[PDB]
Amino acid sequence: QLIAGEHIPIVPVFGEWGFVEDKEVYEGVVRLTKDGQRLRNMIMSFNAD
Amino acid sequence: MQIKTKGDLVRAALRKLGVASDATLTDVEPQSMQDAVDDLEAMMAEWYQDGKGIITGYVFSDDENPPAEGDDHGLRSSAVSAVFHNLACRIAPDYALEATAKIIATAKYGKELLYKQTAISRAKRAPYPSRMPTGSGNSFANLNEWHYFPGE
């Protein structure tokens, strides 16, 4: 089905975007704190125990 | 080893005590030897707490085959000295005796040396707790969604 326009109607928004080795990588602000936050959750749970 | 049977172990224990040996002019009547073999079986069974004690390779005699004496003990070359020194210490009270200080020291040394290797094997570290994160630097686990250690 032909649609209107010359461009694909989907617009993407990227955060920290790039190519590492012919492979796309995009990152927000959360991907990089998961380790510290999981550790903090674990230590707080140990202390509550 | 020349000491290959439970009775050989008992004979070595008695010789260490000085009660009876191949050179003596008086010997223990075989009921005494049977009692000593029963003492040895009881001691070894108490050591080997149904698989959770001291591992030696000792083969417990079966009641069907009648004489326990004459059965090979199955011990390695390095456990015979410890076992028969402890046996001398254990069956000294039958003959109104007290094992001498050297025999007691050798018995302690032999028992500790017997448990040394099994202790080294049993000294193991438990796995990571179930609430321990795997880490984002492991790549494979992060991509497989295995973010936490299983545990137990």
# chains A, B, ... in the order shown; residues from 1 in each chain; ligands from 1
>>> closest_atom_pairs(of="chain A", to="chain B", cutoff="9 Å", atoms="only C-alpha atoms", output="CSV")
residue,atom,partner,partner_atom,distance
A:32,CA,B:136,CA,8.8
A:34,CA,B:136,CA,7.8
A:35,CA,B:135,CA,6.2
A:38,CA,B:133,CA,6.6
A:39,CA,B:133,CA,6.9
A:42,CA,B:131,CA,6.2
A:45,CA,B:131,CA,8.6
A:46,CA,B:131,CA,8.8
>>> write_last_selection(atoms="C-alpha atoms", output="PDB file, in the first residue's frame")
ATOM      1  CA  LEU A  32      25.306   2.616  34.233  1.00  0.00           C
ATOM      2  CA  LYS A  34      22.467  -0.776  37.917  1.00  0.00           C
ATOM      3  CA  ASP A  35      25.558  -2.351  39.485  1.00  0.00           C
ATOM      4  CA  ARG A  38      21.841  -3.664  43.007  1.00  0.00           C
ATOM      5  CA  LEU A  39      24.770  -3.790  45.427  1.00  0.00           C
ATOM      6  CA  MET A  42      21.684  -6.363  48.567  1.00  0.00           C
ATOM      7  CA  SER A  45      18.724  -6.420  52.748  1.00  0.00           C
ATOM      8  CA  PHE A  46      21.612  -8.190  54.483  1.00  0.00           C
TER       9      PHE A  46
END
>>> residues_around(residues="residue 13 (chain A)", least_positions_apart="3", cutoff="12 Å", atoms="only C-alpha atoms", output="list in words")
residues 10, 16, 17, 26, 27 and 28 of chain A
>>> select_by_dssp(residues="chain A", states="helix (DSSP H, G or I)", output="list in words")
residues 34, 35, 36, 37, 38, 39, 40, 41, 42, 43, 44, 45, 46, 47 and 48 of chain A
>>> atom_distance(atom1="CA of residue 30 (chain B)", atom2="CA of residue 17 (chain B)")
17.1 Å
>>> residues_around(residues="region 113-116 of chain B", least_positions_apart="2", cutoff="12 Å", atoms="only C-alpha atoms", output="PDB file with N, CA and C atoms, in the first residue's frame")
ATOM      1  N   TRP B  47      35.261 -44.020  64.588  1.00  0.00           N
ATOM      2  CA  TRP B  47      35.967 -43.017  63.801  1.00  0.00           C
ATOM      3  C   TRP B  47      35.187 -42.660  62.549  1.00  0.00           C
ATOM      4  N   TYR B  48      34.806 -43.667  61.768  1.00  0.00           N
ATOM      5  CA  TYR B  48      34.138 -43.474  60.482  1.00  0.00           C
ATOM      6  C   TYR B  48      32.648 -43.347  60.741  1.00  0.00           C
ATOM      7  N   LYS B  52      30.981 -39.864  57.590  1.00  0.00           N
ATOM      8  CA  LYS B  52      31.192 -38.464  57.930  1.00  0.00           C
ATOM      9  C   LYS B  52      32.342 -38.266  58.910  1.00  0.00           C
ATOM     10  N   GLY B  53      33.182 -39.277  59.096  1.00  0.00           N
ATOM     11  CA  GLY B  53      34.266 -39.176  60.049  1.00  0.00           C
ATOM     12  C   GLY B  53      35.619 -39.160  59.384  1.00  0.00           C
ATOM     13  N   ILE B  54      36.483 -40.096  59.756  1.00  0.00           N
ATOM     14  CA  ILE B  54      37.814 -40.218  59.175  1.00  0.00           C
ATOM     15  C   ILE B  54      37.757 -41.276  58.086  1.00  0.00           C
ATOM     16  N   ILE B  55      38.177 -40.910  56.883  1.00  0.00           N
ATOM     17  CA  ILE B  55      38.155 -41.818  55.744  1.00  0.00           C
ATOM     18  C   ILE B  55      39.509 -42.507  55.650  1.00  0.00           C
ATOM     19  N   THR B  56      39.496 -43.837  55.647  1.00  0.00           N
ATOM     20  CA  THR B  56      40.725 -44.611  55.667  1.00  0.00           C
ATOM     21  C   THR B  56      40.777 -45.715  54.628  1.00  0.00           C
ATOM     22  N   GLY B  57      39.650 -46.106  54.047  1.00  0.00           N
ATOM     23  CA  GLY B  57      39.614 -47.295  53.227  1.00  0.00           C
ATOM     24  C   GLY B  57      39.432 -48.576  54.002  1.00  0.00           C
ATOM     25  N   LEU B  75      43.487 -50.745  54.569  1.00  0.00           N
ATOM     26  CA  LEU B  75      44.103 -49.451  54.809  1.00  0.00           C
ATOM     27  C   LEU B  75      45.253 -49.221  53.845  1.00  0.00           C
ATOM     28  N   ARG B  76      45.553 -47.950  53.600  1.00  0.00           N
ATOM     29  CA  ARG B  76      46.725 -47.602  52.821  1.00  0.00           C
ATOM     30  C   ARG B  76      47.988 -47.860  53.640  1.00  0.00           C
ATOM     31  N   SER B  77      49.137 -47.688  52.993  1.00  0.00           N
ATOM     32  CA  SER B  77      50.404 -47.924  53.673  1.00  0.00           C
ATOM     33  C   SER B  77      50.633 -46.935  54.808  1.00  0.00           C
ATOM     34  N   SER B  78      50.013 -45.760  54.742  1.00  0.00           N
ATOM     35  CA  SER B  78      50.311 -44.673  55.659  1.00  0.00           C
ATOM     36  C   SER B  78      49.384 -44.609  56.866  1.00  0.00           C
ATOM     37  N   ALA B  79      48.333 -45.421  56.913  1.00  0.00           N
ATOM     38  CA  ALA B  79      47.393 -45.396  58.023  1.00  0.00           C
ATOM     39  C   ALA B  79      47.623 -46.514  59.024  1.00  0.00           C
ATOM     40  N   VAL B  80      48.435 -47.506  58.671  1.00  0.00           N
ATOM     41  CA  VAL B  80      48.610 -48.674  59.525  1.00  0.00           C
ATOM     42  C   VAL B  80      49.222 -48.278  60.860  1.00  0.00           C
ATOM     43  N   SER B  81      50.251 -47.432  60.831  1.00  0.00           N
ATOM     44  CA  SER B  81      50.923 -47.045  62.064  1.00  0.00           C
ATOM     45  C   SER B  81      49.966 -46.329  63.005  1.00  0.00           C
ATOM     46  N   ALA B  82      49.196 -45.380  62.478  1.00  0.00           N
ATOM     47  CA  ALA B  82      48.235 -44.658  63.301  1.00  0.00           C
ATOM     48  C   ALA B  82      47.200 -45.599  63.887  1.00  0.00           C
ATOM     49  N   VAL B  83      46.663 -46.493  63.056  1.00  0.00           N
ATOM     50  CA  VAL B  83      45.576 -47.353  63.508  1.00  0.00           C
ATOM     51  C   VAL B  83      46.058 -48.293  64.604  1.00  0.00           C
ATOM     52  N   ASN B  86      46.833 -46.403  67.928  1.00  0.00           N
ATOM     53  CA  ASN B  86      45.589 -46.125  68.632  1.00  0.00           C
ATOM     54  C   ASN B  86      44.995 -47.394  69.218  1.00  0.00           C
ATOM     55  N   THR B 106      52.548 -40.786  69.560  1.00  0.00           N
ATOM     56  CA  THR B 106      52.465 -41.303  68.202  1.00  0.00           C
ATOM     57  C   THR B 106      51.022 -41.532  67.783  1.00  0.00           C
ATOM     58  N   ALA B 107      50.168 -41.952  68.718  1.00  0.00           N
ATOM     59  CA  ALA B 107      48.757 -42.130  68.400  1.00  0.00           C
ATOM     60  C   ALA B 107      48.105 -40.809  68.021  1.00  0.00           C
ATOM     61  N   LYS B 108      48.380 -39.754  68.791  1.00  0.00           N
ATOM     62  CA  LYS B 108      47.839 -38.439  68.459  1.00  0.00           C
ATOM     63  C   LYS B 108      48.333 -37.969  67.098  1.00  0.00           C
ATOM     64  N   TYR B 109      49.642 -38.083  66.866  1.00  0.00           N
ATOM     65  CA  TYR B 109      50.208 -37.649  65.595  1.00  0.00           C
ATOM     66  C   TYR B 109      49.597 -38.415  64.435  1.00  0.00           C
ATOM     67  N   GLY B 110      49.432 -39.728  64.593  1.00  0.00           N
ATOM     68  CA  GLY B 110      48.883 -40.532  63.520  1.00  0.00           C
ATOM     69  C   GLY B 110      47.435 -40.212  63.215  1.00  0.00           C
ATOM     70  N   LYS B 111      46.616 -40.006  64.248  1.00  0.00           N
ATOM     71  CA  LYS B 111      45.219 -39.661  63.995  1.00  0.00           C
ATOM     72  C   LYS B 111      45.096 -38.310  63.295  1.00  0.00           C
ATOM     73  N   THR B 118      41.715 -35.397  54.380  1.00  0.00           N
ATOM     74  CA  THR B 118      40.265 -35.280  54.312  1.00  0.00           C
ATOM     75  C   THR B 118      39.804 -33.909  54.785  1.00  0.00           C
ATOM     76  N   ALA B 119      40.501 -33.322  55.758  1.00  0.00           N
ATOM     77  CA  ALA B 119      40.190 -31.957  56.164  1.00  0.00           C
ATOM     78  C   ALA B 119      40.472 -30.975  55.043  1.00  0.00           C
ATOM     79  N   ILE B 120      41.583 -31.164  54.333  1.00  0.00           N
ATOM     80  CA  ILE B 120      41.890 -30.278  53.213  1.00  0.00           C
ATOM     81  C   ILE B 120      40.818 -30.397  52.139  1.00  0.00           C
ATOM     82  N   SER B 121      40.325 -31.611  51.904  1.00  0.00           N
ATOM     83  CA  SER B 121      39.254 -31.794  50.928  1.00  0.00           C
ATOM     84  C   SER B 121      37.945 -31.170  51.395  1.00  0.00           C
ATOM     85  N   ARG B 122      37.608 -31.320  52.676  1.00  0.00           N
ATOM     86  CA  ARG B 122      36.340 -30.826  53.202  1.00  0.00           C
ATOM     87  C   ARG B 122      36.332 -29.321  53.415  1.00  0.00           C
ATOM     88  N   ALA B 123      37.497 -28.681  53.447  1.00  0.00           N
ATOM     89  CA  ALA B 123      37.537 -27.229  53.538  1.00  0.00           C
ATOM     90  C   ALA B 123      37.140 -26.608  52.208  1.00  0.00           C
TER      91      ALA B 123
END
>>> select_by_dssp(residues="chain B", states="strand (DSSP E or B)", output="compact mmCIF listing (two decimals) with N, CA, C and O atoms, in the first residue's frame")
# COMPACT_ATOMS: atom_id res chain seq x y z
N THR B 5 46.44 -57.74 57.75
CA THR B 5 45.16 -58.22 58.24
C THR B 5 44.83 -57.54 59.56
O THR B 5 45.69 -56.92 60.20
N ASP B 72 41.68 -58.80 55.30
CA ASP B 72 42.52 -57.64 55.05
C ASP B 72 41.79 -56.37 55.43
O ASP B 72 40.60 -56.21 55.15
N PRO B 133 24.27 -10.01 43.34
CA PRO B 133 24.22 -9.73 41.90
C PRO B 133 25.39 -10.35 41.17
O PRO B 133 26.46 -10.55 41.74
N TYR B 148 21.50 -12.49 38.99
CA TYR B 148 21.72 -12.88 40.37
C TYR B 148 22.23 -14.31 40.43
O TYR B 148 21.86 -15.15 39.60
>>> residues_around(residues="residue 92 (chain B)", least_positions_apart="3", cutoff="12 Å", atoms="only C-alpha atoms", output="PDB file with N, CA, C and O atoms, in the first residue's frame")
ATOM      1  N   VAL B  10      46.432 -56.170  65.220  1.00  0.00           N
ATOM      2  CA  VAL B  10      46.337 -56.468  66.648  1.00  0.00           C
ATOM      3  C   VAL B  10      47.667 -56.982  67.185  1.00  0.00           C
ATOM      4  O   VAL B  10      48.079 -56.636  68.298  1.00  0.00           O
ATOM      5  N   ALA B  13      49.932 -54.086  67.632  1.00  0.00           N
ATOM      6  CA  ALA B  13      49.550 -53.328  68.819  1.00  0.00           C
ATOM      7  C   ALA B  13      50.040 -54.003  70.092  1.00  0.00           C
ATOM      8  O   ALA B  13      50.587 -53.346  70.986  1.00  0.00           O
ATOM      9  N   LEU B  14      49.853 -55.317  70.192  1.00  0.00           N
ATOM     10  CA  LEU B  14      50.297 -56.040  71.377  1.00  0.00           C
ATOM     11  C   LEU B  14      51.813 -56.007  71.511  1.00  0.00           C
ATOM     12  O   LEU B  14      52.338 -55.875  72.621  1.00  0.00           O
ATOM     13  N   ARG B  15      52.536 -56.125  70.395  1.00  0.00           N
ATOM     14  CA  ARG B  15      53.990 -56.039  70.453  1.00  0.00           C
ATOM     15  C   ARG B  15      54.439 -54.667  70.932  1.00  0.00           C
ATOM     16  O   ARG B  15      55.382 -54.558  71.723  1.00  0.00           O
ATOM     17  N   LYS B  16      53.779 -53.608  70.463  1.00  0.00           N
ATOM     18  CA  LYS B  16      54.100 -52.267  70.941  1.00  0.00           C
ATOM     19  C   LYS B  16      53.832 -52.137  72.431  1.00  0.00           C
ATOM     20  O   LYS B  16      54.582 -51.469  73.148  1.00  0.00           O
ATOM     21  N   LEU B  17      52.753 -52.753  72.911  1.00  0.00           N
ATOM     22  CA  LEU B  17      52.498 -52.764  74.347  1.00  0.00           C
ATOM     23  C   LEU B  17      53.581 -53.518  75.106  1.00  0.00           C
ATOM     24  O   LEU B  17      53.912 -53.158  76.240  1.00  0.00           O
ATOM     25  N   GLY B  18      54.147 -54.555  74.501  1.00  0.00           N
ATOM     26  CA  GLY B  18      55.032 -55.455  75.204  1.00  0.00           C
ATOM     27  C   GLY B  18      54.343 -56.657  75.802  1.00  0.00           C
ATOM     28  O   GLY B  18      55.000 -57.450  76.486  1.00  0.00           O
ATOM     29  N   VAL B  19      53.041 -56.812  75.570  1.00  0.00           N
ATOM     30  CA  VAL B  19      52.306 -57.940  76.129  1.00  0.00           C
ATOM     31  C   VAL B  19      52.713 -59.237  75.443  1.00  0.00           C
ATOM     32  O   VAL B  19      52.948 -60.256  76.100  1.00  0.00           O
ATOM     33  N   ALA B  36      40.383 -58.209  71.025  1.00  0.00           N
ATOM     34  CA  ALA B  36      41.102 -57.071  70.466  1.00  0.00           C
ATOM     35  C   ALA B  36      40.594 -56.720  69.076  1.00  0.00           C
ATOM     36  O   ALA B  36      40.519 -55.542  68.721  1.00  0.00           O
ATOM     37  N   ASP B  39      37.464 -54.823  69.538  1.00  0.00           N
ATOM     38  CA  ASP B  39      37.796 -53.457  69.928  1.00  0.00           C
ATOM     39  C   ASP B  39      38.221 -52.630  68.726  1.00  0.00           C
ATOM     40  O   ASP B  39      37.835 -51.464  68.596  1.00  0.00           O
ATOM     41  N   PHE B  84      47.231 -48.903  64.426  1.00  0.00           N
ATOM     42  CA  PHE B  84      47.645 -49.858  65.447  1.00  0.00           C
ATOM     43  C   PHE B  84      48.216 -49.175  66.685  1.00  0.00           C
ATOM     44  O   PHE B  84      48.132 -49.742  67.779  1.00  0.00           O
ATOM     45  N   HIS B  85      48.754 -47.955  66.574  1.00  0.00           N
ATOM     46  CA  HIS B  85      49.120 -47.230  67.787  1.00  0.00           C
ATOM     47  C   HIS B  85      47.885 -46.872  68.600  1.00  0.00           C
ATOM     48  O   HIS B  85      47.864 -47.035  69.828  1.00  0.00           O
ATOM     49  N   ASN B  86      46.833 -46.403  67.928  1.00  0.00           N
ATOM     50  CA  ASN B  86      45.589 -46.125  68.632  1.00  0.00           C
ATOM     51  C   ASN B  86      44.995 -47.394  69.218  1.00  0.00           C
ATOM     52  O   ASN B  86      44.402 -47.365  70.297  1.00  0.00           O
ATOM     53  N   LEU B  87      45.143 -48.522  68.523  1.00  0.00           N
ATOM     54  CA  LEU B  87      44.644 -49.787  69.053  1.00  0.00           C
ATOM     55  C   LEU B  87      45.401 -50.208  70.303  1.00  0.00           C
ATOM     56  O   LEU B  87      44.802 -50.727  71.249  1.00  0.00           O
ATOM     57  N   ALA B  88      46.720 -50.025  70.316  1.00  0.00           N
ATOM     58  CA  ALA B  88      47.478 -50.312  71.528  1.00  0.00           C
ATOM     59  C   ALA B  88      46.997 -49.446  72.680  1.00  0.00           C
ATOM     60  O   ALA B  88      46.776 -49.942  73.792  1.00  0.00           O
ATOM     61  N   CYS B  89      46.793 -48.154  72.422  1.00  0.00           N
ATOM     62  CA  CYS B  89      46.282 -47.272  73.467  1.00  0.00           C
ATOM     63  C   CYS B  89      44.910 -47.722  73.953  1.00  0.00           C
ATOM     64  O   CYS B  89      44.615 -47.654  75.151  1.00  0.00           O
ATOM     65  N   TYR B  95      44.666 -55.245  79.987  1.00  0.00           N
ATOM     66  CA  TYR B  95      45.763 -55.939  80.642  1.00  0.00           C
ATOM     67  C   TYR B  95      46.311 -55.166  81.831  1.00  0.00           C
ATOM     68  O   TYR B  95      47.481 -55.329  82.185  1.00  0.00           O
ATOM     69  N   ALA B  96      45.481 -54.338  82.459  1.00  0.00           N
ATOM     70  CA  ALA B  96      45.903 -53.502  83.579  1.00  0.00           C
ATOM     71  C   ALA B  96      47.126 -52.671  83.208  1.00  0.00           C
ATOM     72  O   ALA B  96      48.076 -52.545  83.979  1.00  0.00           O
ATOM     73  N   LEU B  97      47.098 -52.098  82.011  1.00  0.00           N
ATOM     74  CA  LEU B  97      48.230 -51.370  81.464  1.00  0.00           C
ATOM     75  C   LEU B  97      47.846 -49.933  81.144  1.00  0.00           C
ATOM     76  O   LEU B  97      46.670 -49.572  81.067  1.00  0.00           O
ATOM     77  N   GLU B  98      48.875 -49.113  80.963  1.00  0.00           N
ATOM     78  CA  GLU B  98      48.728 -47.744  80.490  1.00  0.00           C
ATOM     79  C   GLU B  98      49.758 -47.537  79.396  1.00  0.00           C
ATOM     80  O   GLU B  98      50.955 -47.710  79.638  1.00  0.00           O
ATOM     81  N   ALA B  99      49.297 -47.198  78.195  1.00  0.00           N
ATOM     82  CA  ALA B  99      50.213 -47.002  77.083  1.00  0.00           C
ATOM     83  C   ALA B  99      51.214 -45.910  77.419  1.00  0.00           C
ATOM     84  O   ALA B  99      50.867 -44.888  78.013  1.00  0.00           O
ATOM     85  N   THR B 100      52.467 -46.136  77.049  1.00  0.00           N
ATOM     86  CA  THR B 100      53.517 -45.214  77.436  1.00  0.00           C
ATOM     87  C   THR B 100      53.386 -43.900  76.669  1.00  0.00           C
ATOM     88  O   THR B 100      52.614 -43.771  75.712  1.00  0.00           O
ATOM     89  N   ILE B 103      53.947 -43.907  72.920  1.00  0.00           N
ATOM     90  CA  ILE B 103      52.835 -44.505  72.192  1.00  0.00           C
ATOM     91  C   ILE B 103      51.663 -43.536  72.110  1.00  0.00           C
ATOM     92  O   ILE B 103      51.018 -43.417  71.063  1.00  0.00           O
ATOM     93  N   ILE B 104      51.373 -42.817  73.195  1.00  0.00           N
ATOM     94  CA  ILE B 104      50.270 -41.858  73.161  1.00  0.00           C
ATOM     95  C   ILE B 104      50.567 -40.719  72.194  1.00  0.00           C
ATOM     96  O   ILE B 104      49.692 -40.291  71.426  1.00  0.00           O
TER      97      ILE B 104
END
>>> atom_distance(atom1="CA of residue 6 (chain B)", atom2="CA of residue 22 (chain B)")
16.6 Å
>>> atom_distance(atom1="CA of residue 91 (chain B)", atom2="CA of residue 41 (chain B)")
12.1 Å
>>> decode(residues="region 62-99 of chain B", atoms="N, CA and C atoms", output="mmCIF file, in the first residue's frame")
data_model
loop_
_atom_site.group_PDB
_atom_site.id
_atom_site.type_symbol
_atom_site.label_atom_id
_atom_site.label_comp_id
_atom_site.auth_asym_id
_atom_site.auth_seq_id
_atom_site.Cartn_x
_atom_site.Cartn_y
_atom_site.Cartn_z
ATOM 1 N N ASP B 62 32.274 -58.734 57.490
ATOM 2 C CA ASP B 62 30.892 -59.173 57.421
ATOM 3 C C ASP B 62 30.699 -60.423 58.268
ATOM 4 N N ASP B 63 29.549 -60.489 58.939
ATOM 5 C CA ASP B 63 29.308 -61.561 59.895
ATOM 6 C C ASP B 63 29.205 -62.919 59.215
ATOM 7 N N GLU B 64 28.763 -62.952 57.955
ATOM 8 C CA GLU B 64 28.646 -64.221 57.244
ATOM 9 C C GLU B 64 29.988 -64.933 57.168
ATOM 10 N N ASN B 65 31.014 -64.240 56.624
ATOM 11 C CA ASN B 65 32.408 -64.776 56.627
ATOM 12 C C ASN B 65 32.768 -64.780 58.101
ATOM 13 N N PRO B 66 33.135 -65.916 58.707
ATOM 14 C CA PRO B 66 33.170 -65.978 60.171
ATOM 15 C C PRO B 66 34.322 -65.199 60.784
ATOM 16 N N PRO B 67 35.583 -65.478 60.435
ATOM 17 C CA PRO B 67 36.672 -64.882 61.224
ATOM 18 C C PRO B 67 37.010 -63.484 60.730
ATOM 19 N N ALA B 68 36.893 -62.498 61.622
ATOM 20 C CA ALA B 68 37.339 -61.150 61.289
ATOM 21 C C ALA B 68 38.848 -61.114 61.119
ATOM 22 N N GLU B 69 39.577 -61.656 62.089
ATOM 23 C CA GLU B 69 40.996 -61.913 61.898
ATOM 24 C C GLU B 69 41.213 -62.801 60.684
ATOM 25 N N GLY B 70 42.119 -62.377 59.816
ATOM 26 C CA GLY B 70 42.305 -62.974 58.518
ATOM 27 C C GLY B 70 41.731 -62.153 57.389
ATOM 28 N N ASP B 71 40.841 -61.212 57.691
ATOM 29 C CA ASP B 71 40.358 -60.276 56.689
ATOM 30 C C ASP B 71 41.346 -59.132 56.539
ATOM 31 N N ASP B 72 41.677 -58.797 55.299
ATOM 32 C CA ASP B 72 42.524 -57.645 55.050
ATOM 33 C C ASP B 72 41.791 -56.368 55.430
ATOM 34 N N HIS B 73 42.509 -55.450 56.079
ATOM 35 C CA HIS B 73 41.887 -54.228 56.564
ATOM 36 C C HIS B 73 41.672 -53.190 55.474
ATOM 37 N N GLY B 74 42.385 -53.278 54.358
ATOM 38 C CA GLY B 74 42.186 -52.351 53.267
ATOM 39 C C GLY B 74 42.793 -50.981 53.461
ATOM 40 N N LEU B 75 43.487 -50.745 54.569
ATOM 41 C CA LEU B 75 44.103 -49.451 54.809
ATOM 42 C C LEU B 75 45.253 -49.221 53.845
ATOM 43 N N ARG B 76 45.553 -47.950 53.600
ATOM 44 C CA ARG B 76 46.725 -47.602 52.821
ATOM 45 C C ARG B 76 47.988 -47.860 53.640
ATOM 46 N N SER B 77 49.137 -47.688 52.993
ATOM 47 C CA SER B 77 50.404 -47.924 53.673
ATOM 48 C C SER B 77 50.633 -46.935 54.808
ATOM 49 N N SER B 78 50.013 -45.760 54.742
ATOM 50 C CA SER B 78 50.311 -44.673 55.659
ATOM 51 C C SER B 78 49.384 -44.609 56.866
ATOM 52 N N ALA B 79 48.333 -45.421 56.913
ATOM 53 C CA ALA B 79 47.393 -45.396 58.023
ATOM 54 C C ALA B 79 47.623 -46.514 59.024
ATOM 55 N N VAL B 80 48.435 -47.506 58.671
ATOM 56 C CA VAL B 80 48.610 -48.674 59.525
ATOM 57 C C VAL B 80 49.222 -48.278 60.860
ATOM 58 N N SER B 81 50.251 -47.432 60.831
ATOM 59 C CA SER B 81 50.923 -47.045 62.064
ATOM 60 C C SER B 81 49.966 -46.329 63.005
ATOM 61 N N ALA B 82 49.196 -45.380 62.478
ATOM 62 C CA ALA B 82 48.235 -44.658 63.301
ATOM 63 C C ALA B 82 47.200 -45.599 63.887
ATOM 64 N N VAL B 83 46.663 -46.493 63.056
ATOM 65 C CA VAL B 83 45.576 -47.353 63.508
ATOM 66 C C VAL B 83 46.058 -48.293 64.604
ATOM 67 N N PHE B 84 47.231 -48.903 64.426
ATOM 68 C CA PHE B 84 47.645 -49.858 65.447
ATOM 69 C C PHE B 84 48.216 -49.175 66.685
ATOM 70 N N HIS B 85 48.754 -47.955 66.574
ATOM 71 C CA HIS B 85 49.120 -47.230 67.787
ATOM 72 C C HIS B 85 47.885 -46.872 68.600
ATOM 73 N N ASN B 86 46.833 -46.403 67.928
ATOM 74 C CA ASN B 86 45.589 -46.125 68.632
ATOM 75 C C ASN B 86 44.995 -47.394 69.218
ATOM 76 N N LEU B 87 45.143 -48.522 68.523
ATOM 77 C CA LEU B 87 44.644 -49.787 69.053
ATOM 78 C C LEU B 87 45.401 -50.208 70.303
ATOM 79 N N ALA B 88 46.720 -50.025 70.316
ATOM 80 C CA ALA B 88 47.478 -50.312 71.528
ATOM 81 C C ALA B 88 46.997 -49.446 72.680
ATOM 82 N N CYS B 89 46.793 -48.154 72.422
ATOM 83 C CA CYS B 89 46.282 -47.272 73.467
ATOM 84 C C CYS B 89 44.910 -47.722 73.953
ATOM 85 N N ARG B 90 44.058 -48.182 73.039
ATOM 86 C CA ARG B 90 42.688 -48.533 73.393
ATOM 87 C C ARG B 90 42.586 -49.854 74.136
ATOM 88 N N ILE B 91 43.426 -50.839 73.812
ATOM 89 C CA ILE B 91 43.339 -52.139 74.466
ATOM 90 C C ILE B 91 44.360 -52.311 75.575
ATOM 91 N N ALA B 92 45.142 -51.281 75.887
ATOM 92 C CA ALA B 92 45.942 -51.325 77.106
ATOM 93 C C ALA B 92 45.130 -51.552 78.380
ATOM 94 N N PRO B 93 43.949 -50.951 78.582
ATOM 95 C CA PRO B 93 43.234 -51.164 79.852
ATOM 96 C C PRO B 93 42.799 -52.593 80.107
ATOM 97 N N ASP B 94 42.729 -53.446 79.083
ATOM 98 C CA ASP B 94 42.366 -54.839 79.314
ATOM 99 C C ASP B 94 43.385 -55.529 80.204
ATOM 100 N N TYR B 95 44.666 -55.245 79.987
ATOM 101 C CA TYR B 95 45.763 -55.939 80.642
ATOM 102 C C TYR B 95 46.311 -55.166 81.831
ATOM 103 N N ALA B 96 45.481 -54.338 82.459
ATOM 104 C CA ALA B 96 45.903 -53.502 83.579
ATOM 105 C C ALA B 96 47.126 -52.671 83.208
ATOM 106 N N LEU B 97 47.098 -52.098 82.011
ATOM 107 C CA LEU B 97 48.230 -51.370 81.464
ATOM 108 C C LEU B 97 47.846 -49.933 81.144
ATOM 109 N N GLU B 98 48.875 -49.113 80.963
ATOM 110 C CA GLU B 98 48.728 -47.744 80.490
ATOM 111 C C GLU B 98 49.758 -47.537 79.396
ATOM 112 N N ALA B 99 49.297 -47.198 78.195
ATOM 113 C CA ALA B 99 50.213 -47.002 77.083
ATOM 114 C C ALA B 99 51.214 -45.910 77.419
#
